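What follows is a single structure, written as structure tokens, with notes after it.
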């Protein structure tokens, strides 16, 4: 509350550390469904169904331009990529499997770097 604060957690390296995670997600062999925005002209149904599209290149641009206020808003966009994927793709598809694989990969790096 006013003039009552928990001890200050050091967030000075968060930007660099999120950038490292994102580089590792970009270079994963199963990243290909997620590298670029889904083409809303060429994929019927995507625009109407997926209210907030997100992909690794859009996260990269937001990160590089100071559009994440803190490390939690970064994680929320990474999770959105995978949540969108599950909304539009069957679990038993190459893309559906890729999304589960990458969500796991992310959640481990997140826990090991920050928790």
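Don't worry about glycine lacking a Cβ; one is built from the backbone with ideal geometry, like all the others, and counts go over all protein chains shown. Read the figures in this text as sums done on the coordinates, not as results from a lab.
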Rh_Kirkwood(the chain) over Cα pairs, Å, one decimal, evaluates to 15.4 Å
Once both label points are put 7 Å beyond Cα along the C-beta direction, the residue 80-residue 28 separation in nm becomes 1.8 nm
Once residue 36 and residue 64 are pulled to full extension, the length gained, defined as 0.36 nm per residue separation minus their Cα-Cα distance, is 8.5 nm
Here, residue 92 and residue 15, labelled 7 Å along Cα→Cβ, have an inter-label distance in nm of 4.8 nm
What helix-only [θ] at 222 nm does the chain give? Using -39500 (n - 2.57) per DSSP H run of at least 4, over all residues, to the nearest 500, the answer is -18500 deg cm²/dmol
Candidates 88, 74, 34; GNM for the chain (alpha-carbon contacts under 10 Å) flags as most fluctuating 88
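Sort 59, 95 so that the residue with the fewest other Cβ atoms within 10 Å of its own Cβ comes first and the one with the most comes last.
Working: 59 22, 95 14.
If I rank by nearby Cβ atoms, fewest first, I get 95, 59.
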